[PDB]
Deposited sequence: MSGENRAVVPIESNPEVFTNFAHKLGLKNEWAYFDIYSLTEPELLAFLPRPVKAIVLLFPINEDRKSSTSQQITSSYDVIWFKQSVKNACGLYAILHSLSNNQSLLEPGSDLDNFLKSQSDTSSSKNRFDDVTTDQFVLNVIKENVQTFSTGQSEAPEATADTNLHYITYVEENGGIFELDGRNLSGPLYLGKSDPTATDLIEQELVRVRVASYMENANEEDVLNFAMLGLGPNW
């Protein structure tokens, strides 16, 4: 059980860099999703989008670790942004060489690689702008990721036992993921269940240039 990660771009960026994300890339805040002006400030292309609310896939095995799995989903489906030789890049290529799980990581090799990442980075799980709850306690909040792979659009949830969810084909007029109607619509539908419930607990992060 780990301390639930805060939806902070600095913390996501720190973990990501330690795993292998190149320094030219980072996570950033997304505060508005269908608004012009506010999109001139966000770095493009947005290569992954992480959503906090109430094709390589990884099954989640550690409590409260959803945020790390979200980073793993964002990075693993964007291998070209990884440092050749870094820890994640090695892990990914290893399983390709041996052909263990070509894209559905629920092994021994993966739960160890992760527990190793988890234990080499415990301190960062508690950083940020808020107070650290006890890893033992529940949060009611969850992390999921959106990526564009092979012109397909997917929603990745470590807790969705059925694996990655295909949302349909991409739109090539799209410079990036923010301009994908299928993502906006699928996100928008989560918010609507939140607009009815008076819950304001929502955060989004985009992976784009630094």
Original post:
Could you list, start to end, the deposited-sequence stretches with no C-alpha atoms?
Top reply: 1-6, 61-78, 235
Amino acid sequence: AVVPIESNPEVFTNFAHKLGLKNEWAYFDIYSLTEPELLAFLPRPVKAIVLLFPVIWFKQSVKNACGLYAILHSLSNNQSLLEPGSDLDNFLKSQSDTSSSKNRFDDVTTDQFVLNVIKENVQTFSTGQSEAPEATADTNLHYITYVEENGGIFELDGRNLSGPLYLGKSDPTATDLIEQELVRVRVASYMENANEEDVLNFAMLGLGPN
From here on, numbers count along this sequence of modelled residues.
Subject >> Higher-scoring stretch by recorded Cα B factor average, 149-157 or 33-41 >> reply: 33-41
**OP:** Using only the Cα atoms and their B-factors as the entry lists them, report which of 191-199 and 8-16 averages higher.
**Re:** 191-199
Original post:
Per the PDB entry, which option out of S86, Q79, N116, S94 has the greatest Cα B factor?
Top reply: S94
**OP:** Please place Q180 in the lowest, middle or highest third of its chain by C-alpha B factor as given in the entry.
**Re:** lowest
Original post:
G168's Cα B-factor: lowest, middle or highest third of the chain?
Top reply: lowest
Subject >> Chain-wide C-alpha B factor ranking for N121, given as lowest, middle or highest third >> reply: middle
Original post:
Can you tell me which third, lowest, middle or highest, the CA B-factor of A65 falls into for its chain?
Top reply: middle
Original post:
Split the chain's modelled residues into thirds by Cα B-factor; is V55 in the lowest, middle or highest one?
Top reply: middle
